[PDB]
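1. sharing an experimental structure here, sequence included.
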Amino acid sequence: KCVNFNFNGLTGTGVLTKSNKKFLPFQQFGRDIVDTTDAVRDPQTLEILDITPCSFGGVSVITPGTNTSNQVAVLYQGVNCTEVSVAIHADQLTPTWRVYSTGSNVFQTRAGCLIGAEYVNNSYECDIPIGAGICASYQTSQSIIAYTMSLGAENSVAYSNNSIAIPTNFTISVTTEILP
Amino acid sequence: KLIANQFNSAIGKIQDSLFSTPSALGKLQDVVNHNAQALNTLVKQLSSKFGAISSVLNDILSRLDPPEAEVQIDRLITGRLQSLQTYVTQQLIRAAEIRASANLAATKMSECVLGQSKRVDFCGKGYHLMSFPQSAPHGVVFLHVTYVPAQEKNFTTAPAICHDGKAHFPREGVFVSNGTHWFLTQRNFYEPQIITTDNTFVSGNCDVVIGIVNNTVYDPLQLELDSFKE
Amino acid sequence: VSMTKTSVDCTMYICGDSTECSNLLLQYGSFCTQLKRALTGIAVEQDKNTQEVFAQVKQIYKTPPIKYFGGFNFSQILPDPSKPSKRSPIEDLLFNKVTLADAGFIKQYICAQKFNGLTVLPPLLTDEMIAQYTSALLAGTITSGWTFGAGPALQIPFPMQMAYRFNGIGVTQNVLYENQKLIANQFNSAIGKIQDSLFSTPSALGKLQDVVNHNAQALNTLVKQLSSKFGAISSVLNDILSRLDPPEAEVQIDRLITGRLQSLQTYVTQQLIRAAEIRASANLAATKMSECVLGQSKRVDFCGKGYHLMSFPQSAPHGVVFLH
Ligand SMILES: *[C@@H]1O[C@H](CO)[C@@H](O[C@@H]2O[C@H](CO)[C@@H](O[C@@H]3O[C@H](CO)[C@@H](O)[C@H](O)[C@@H]3O)[C@H](O)[C@H]2NC(C)=O)[C@H](O)[C@H]1NC(C)=O
Ligand SMILES: *[C@@H]1O[C@H](CO)[C@@H](O[C@@H]2O[C@H](CO)[C@@H](O[C@@H]3O[C@H](CO)[C@@H](O)[C@H](O)[C@@H]3O)[C@H](O)[C@H]2NC(C)=O)[C@H](O)[C@H]1NC(C)=O
Ligand SMILES: *[C@@H]1O[C@H](CO)[C@@H](O[C@@H]2O[C@H](CO)[C@@H](O[C@@H]3O[C@H](CO)[C@@H](O)[C@H](O)[C@@H]3O)[C@H](O)[C@H]2NC(C)=O)[C@H](O)[C@H]1NC(C)=O
Ligand SMILES: *[C@@H]1O[C@H](CO)[C@@H](O[C@@H]2O[C@H](CO)[C@@H](O[C@@H]3O[C@H](CO)[C@@H](O)[C@H](O)[C@@H]3O)[C@H](O)[C@H]2NC(C)=O)[C@H](O)[C@H]1NC(C)=O
Ligand SMILES: *[C@@H]1O[C@H](CO)[C@@H](O[C@@H]2O[C@H](CO)[C@@H](O)[C@H](O)[C@H]2NC(C)=O)[C@H](O)[C@H]1NC(C)=O
Ligand SMILES: *[C@@H]1O[C@H](CO)[C@@H](O)[C@H](O)[C@H]1NC(C)=O
Ligand SMILES: *[C@@H]1O[C@H](CO)[C@@H](O)[C@H](O)[C@H]1NC(C)=O
Ligand SMILES: *[C@@H]1O[C@H](CO)[C@@H](O)[C@H](O)[C@H]1NC(C)=O
Ligand SMILES: *[C@@H]1O[C@H](CO)[C@@H](O)[C@H](O)[C@H]1NC(C)=O
């Protein structure tokens, strides 16, 4: 569990688990490559406990724009949706606001846990990027949906040993390039 | 007449596209917004205490004896100096980015406006014909006029035409067939022409070339001579 | 082409799980906001760079099911359908060779993986999407030459595409047709030699490993700086609050706030400089992709030594490899 611990004079916040570290009778505490305490010897029973920091991450808000709709989706970056769901049920998350979190609106992305958007199989061009191929948009009763973005339409080329395509017409096109 | 009409239509569409879309000029508006934000942030930093009892120097001088007033003022000096130093560093980085953009714009102007660039996608999408500069606040806008192929048709082709045992290759073009007759055409615009000894060149016998087809190459001189001499 | 994207929460890094420190940090103004904007801008720039280099094609092109291109063997260039992610053999080799990063993405989850308020963000495009863009570019180049780059894709037999590229460099068509088998054999040999060279040379991909190493070093240094005291009695805020009364804790905390804030500003400054360098590299990669993959460049040494004929892109982690 995520708890506030105080072992003798070393205090902190973290999750204590049974360790797999080969402590000698000599060592009392452990540290990783960046000199952060990550293991302790329990003053009683001498159990060696690993300290995992409590889960955290950034929060992103996906908004269609307030001139269209006031519904938003929340991405909890960096964590598994199982831990977010448990934190919601336990009322442990630092933000005090909540999202409806109804069935089918919680989707696991590579970026994080996306709550408040319906994932669909149909692929669309990317609108609001989320990450790892997943984008969100506001579409139909309009609601926020999430999808794996399309890269483009397919166009097979009619290649053959003796077939060539020759233009019979042309277009004169004018494009705009803006440079600071 | 068709080309002039397409050009005029494209220019009108460009004016309408820039007018209609609020984000068309985002690249320059972002530069303006970043400079305005940098100055507003730099001014707002003067309000911060940076650990001092007050952001106003006169309050520090009026409240404390010289020793503590100097300590609190030195703390504010450190805070403001760090804020200015950060501002200048960020402006140096932004200036380097703008320099790179300006060098690209100058290259685009030389290659696209003062000449006809062969570089693909450098002077717009399509085959480059010409470009026109327009000025803009803090920047330049280029109108790139290009040739885009349209309405293609697929034809049967061959690398060479075999006449009297000799392999004929296009001088400037590609051999195409409509299903009954073979013609030489330019690659970028369908315009069939009769295959003659003036349009093709001869190198080697009809064996090595893979996919050579049999057809007649029309030599004009012989045809005239068979009339001249009778 | 791209740099590892990071996002750093100023408050957690400087004043983790410390209300008093956070309240003191609020007296320095917008600095935390400015660093957040700088890192967000970098992350957006890296996704823009990847999209500009690889997403240059409007449609996804495919090769024919009958992969006969006049004797030219592209099996080592085109996607290998039997493996997950559909990378080509060369792309798969590149992926196996340079992926020494600590994942490089969140993956729904340094021993602590720098979980001190430093979050690495995933790219917008996955390796599969980049491979798909590369495959589309390869299919377009192979089946339509440069007509694909300028406008709609127009099919042309591959040896005639080579014939026109030969005319481009200044060699007649009959040289290719008379020597077509020799040219195809030399091409296939060169491709095999490239695969062997990349496999056998650990240093071949040094540019991308160096980018990964520099970002790993920057994050390792930023985390390491948390252990410094910067003149304080202790590097741990909880020891300062538990040991000292507020009026002294504010002094020791202020010293630590100054040290950590300086560490974040130094980190952000180096990331902005590296972002500018990566953006310049990405712009060069996009220029090369347009000039040499979507056309036949006439610029000397721009795309390989010798007279340019063509090029083929290959995806690599955080970058692009061109075969000229
Ligand atoms: C090559 O393509 C161009 C278009 O890019 C063709 O020109 C276009 O031809 C159509 C008719 O097929 C014109 O539409 C007509 O316009 C008149 C305008 O008064 C209207 O009254 C008619 O009812 C009809 O809408 C179109 O305007 C014209 N475009 C231009 C710019 O002139 C051209 O014929 C094509 N050539 C070949 C060989 O395919
Ligand atoms: C492939 O192209 C060739 C040449 O472009 C086509 O042959 C030509 O077809 C036209 C059809 O109108 C012929 O015109 C007709 O000629 C006769 C006299 O030969 C005349 O009495 C008619 O009033 C009309 O003018 C043209 O002569 C003919 N030329 C040759 C050399 O055959 C051919 O049909 C095309 N094939 C396909 C499948 O598109
Ligand atoms: C295009 O090139 C690829 C290779 O770059 C060709 O695939 C290769 O085909 C040879 C055929 O003998 C394979 O050789 C194998 O060697 C092992 C021993 O090393 C032997 O046990 C096998 O029975 C076989 O003889 C080679 O492994 C294979 N390579 C790959 C990567 O598949 C392909 O056939 C070429 N395409 C054309 C149309 O020529
Ligand atoms: C131009 O240079 C190419 C090579 O870059 C020449 O092709 C090469 O010709 C030699 C023979 O002179 C070939 O060696 C032979 O290979 C066979 C393979 O079975 C072997 O059995 C023979 O004992 C001998 O080693 C070589 O393989 C071949 N290379 C290629 C890629 O085809 C070409 O002949 C030269 N042309 C002129 C006009 O100089
Ligand atoms: C092009 O014409 C030549 C004849 O001028 C063809 O050559 C003949 O080919 C047949 C078999 O197809 C042989 O039986 C003859 O002996 C060949 N004669 C000569 C003089 O070579 C040639 O095959 C034709 N090519 C095509 C593609 O039709
Ligand atoms: C005494 O210490 C032992 C080992 O540390 C522990 O198992 C036991 O419960 C302790 N007894 C107490 C705290 O009464
Ligand atoms: C091209 O020629 C080869 C010759 O081996 C043949 O196998 C292939 O099927 C031909 N392509 C088509 C589209 O027929
Ligand atoms: C190309 O070849 C024939 C027409 O000659 C036809 O079967 C096929 O659909 C054509 N495809 C395109 C894209 O023109
Ligand atoms: C995320 O949680 C699910 C819950 O069952 C688990 O199966 C999955 O392995 C977890 N993924 C990671 C990366 O921890």
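-> That came in fine, so what should we check first? Numbers count the residues shown, from 1 in each chain, chains lettered A, B, ... in the order given. Ligands and ions are numbered 1, 2, ... in the order given.
2. which helices and strands does the helix or strand hosting residue B:143 pack with?
-> Assigned by DSSP states H and E, residue B:143 belongs to strand B:139-158. Applying 3 or more Cβ pairs under 8 Å, 6 or more residues apart in numbering or on different chains; DSSP states H and E, one finds that strand B:139-158 contacts strand A:163-179, helix B:2-20, helix B:26-44, helix B:66-108, strand B:127-136, strand B:174-177, helix C:147-150. For the C-beta atoms, the positions are set from N, CA and C on the backbone; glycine is no exception.
3. just want the angle from it to helix B:2-20.
-> Calculated by axes from the mean of the first three to the mean of the last three Cα atoms, to 10 degrees, strand B:139-158 forms an angle of 140 degrees with helix B:2-20.
4. ok, now how distant is the residue lying farthest from the centre of chain B from residue B:72?
-> Computed with Cα atoms, centre = their mean, the maximum C-alpha offset from the centroid of chain B is found at residue B:65, amounting to 65.6 Å. Going from residue B:65 to residue B:72 by Cβ to Cβ, to the nearest Å gives 11 Å.
5. ok, now residue C:201?
-> Using Cβ to Cβ, we find residue C:201 at a distance of 61 Å from residue B:72.
6. looking at the two, which one has more neighbours?
-> Taking other Cβ atoms under 10 Å in any protein chain shown, residue C:201 and residue B:72 do not tie; residue B:72 has more neighbours (22 against 11).
7. check contacts around that one.
-> Counting by Cβ atoms under 8 Å, 6 or more residues apart in numbering or on different chains, residue B:72 touches B:52-53, B:60, B:64.
8. contact partners for whatever residue of the stretch 1-150 of chain C ends up closest to ligand 7?
-> Nearest to ligand 7, among the residues of the stretch 1-150 of chain C, is residue C:68, at 4.6 Å (Cβ to the nearest ligand atom). Residues in contact with residue C:68 (Cβ under 8 Å, 6+ apart) are residue A:161.
9. and it, how far from ligand 9?
-> Residue C:68 sits at a distance of 44 Å from ligand 9 (criterion: Cβ to the nearest ligand atom, to the nearest Å).
10. could you look up the SS state of that residue?
-> Look at residue C:68: counting by DSSP: H, G, I helix; E, B strand; the rest coil, its state is coil.
11. could you pull up the contacting residues of the closest residue to ligand 5 within chain A?
-> Here chain A gets closest to ligand 5 at one residue, residue A:162, 12.1 Å apart by Cβ to the nearest ligand atom. By Cβ under 8 Å, 6+ apart, the residues touching residue A:162 are B:156-158, B:211, C:157.
12. burial check on the closest residue to ligand 3 within the stretch 1-150 of chain C, number of neighbours?
-> Relative to ligand 3, the nearest point of the stretch 1-150 of chain C is residue C:73 (3.7 Å; Cβ to the nearest ligand atom). A count of nearby residues for residue C:73, using other Cβ under 10 Å, gives 17.
13. and the one 5 residues further on, by the same measure?
-> Close neighbours of residue C:78, defined as other Cβ under 10 Å, add up to 20.
14. element containing it?
-> Using DSSP H and E, residue C:78 falls within no helix or strand.
15. now do the contacts for it.
-> By Cβ under 8 Å, 6+ apart, the residues touching residue C:78 are C:63, C:67, C:88, C:135, C:138-139, C:142.
16. need the buried ones from those selected in PyMOL.
-> In PyMOL syntax, the buried subset of the contacts of residue C:78 is picked out as below (16 or more other Cβ atoms under 10 Å in any protein chain shown):
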select buried, chain C and resi 63+88+135+138+139+142
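17. in strands only, show me the contacts of residue C:78.
-> Using DSSP state E, the subset of the contacts of residue C:78 located in strands is empty.
18. partners of the residue in chain B positioned nearest to ligand 5 in the sheet?
-> At 3.7 Å from ligand 5, residue B:214 is the closest residue in chain B, using Cβ to the nearest ligand atom. Note on residue B:214: beta-bridge partners by DSSP bridges are residue B:162.
19. against residue A:67, how distant is it?
-> For residue B:214, the distance to residue A:67 - Cβ to Cβ - is 70 Å.
20. neighbour count for the two, which is higher?
-> Of the pair residue B:214 and residue A:67, residue B:214 is the one with more neighbours under other Cβ under 10 Å, namely 10 against 6.
21. could I get the contacts of residue B:72 as CSV with secondary structure and distance to residue C:110?
-> Shown next, in CSV, are those (DSSP: H, G, I helix; E, B strand; the rest coil; distance: Cβ to Cβ, whole Å):
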residue, secondary structure, distance to residue C:110
B:52, coil, 37
B:53, coil, 41
B:60, helix, 44
B:64, coil, 46
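22. buried only: go through the residues you listed for me.
-> Neighbour-count burial (16+ other Cβ under 10 Å) applied to those gives B:52, B:60.
23. go back to the contacts of residue B:72 and keep what's next to chain C.
-> Among these, not one lies near chain C by Cβ under 8 Å from any Cβ of the partner chain.
24. residue C:228 reaches residue C:259, doesn't it?
-> Yes. With contact defined as Cβ atoms under 8 Å, residue C:228 counts as touching residue C:259 (6.2 Å).
25. thinking again about what came up before, list the contacts of the residue of the stretch 1-150 of chain C closest to ligand 3.
-> Contacts for residue C:73 (Cβ under 8 Å, 6+ apart) come out as C:184, C:187-188, C:191.
26. which of these ranks first by neighbour count?
-> Busiest of those [other Cβ under 10 Å] is residue C:191, holding 20 neighbours.
27. excluding chain neighbours, what is closest to it?
-> Nearest residue to residue C:191, sequence neighbours excluded (Cβ to Cβ, 6 or more residues apart in numbering or on different chains): residue C:76, at 5.1 Å.
28. please report how far that neighbour lies from ligand 5.
-> Separation of residue C:76 from ligand 5 (Cβ to the nearest ligand atom) stands at 34 Å.
29. quick check: phi and psi at that residue.
-> Dihedral pair for residue C:76: phi -80, psi -10, per degrees, to the nearest 10.
30. so residue 56: helix, strand or coil?
-> In the absence of a named chain, chain A is used. Relying on three-state DSSP, one would call residue A:56 coil.
31. let's do chain C instead
-> Put simply, residue C:56 is coil when judged by three-state DSSP.
32. can you pull the contacts of the residue of the stretch 151-300 of chain C found nearest ligand 1?
-> In the stretch 151-300 of chain C, the residue that lies nearest ligand 1 is residue C:151 (13.4 Å; Cβ to the nearest ligand atom). Residues in contact with residue C:151 (Cβ under 8 Å, 6+ apart) are A:167, B:126-127, B:148-150.
33. reformat the residues you listed as a markdown table; add distance to ligand 9 and neighbour count.
-> What follows is the contacts of residue C:151, written out as a markdown table (distance: Cβ to the nearest ligand atom, whole Å; neighbours: other Cβ atoms under 10 Å in any protein chain shown):
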| residue | distance to ligand 9 | neighbour count |
| --- | --- | --- |
| A:167 | 52 | 22 |
| B:126 | 47 | 23 |
| B:127 | 50 | 22 |
| B:148 | 48 | 17 |
| B:149 | 50 | 23 |
| B:150 | 50 | 13 |
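34. out of the residues you listed, who's nearest ligand 4?
-> Relative to ligand 4, the closest of the contacts of residue C:151 is residue B:127; by Cβ to the nearest ligand atom it sits at 35.4 Å.
35. and the nearest residue to that closest one once chain neighbours are set aside, how far from residue C:154?
-> Using Cβ to Cβ, 6+ apart and skipping the chain neighbours, the partner closest in space to residue B:127 is residue B:147 (4.3 Å). According to Cβ to Cβ, residue B:147 and residue C:154 sit 14 Å apart.
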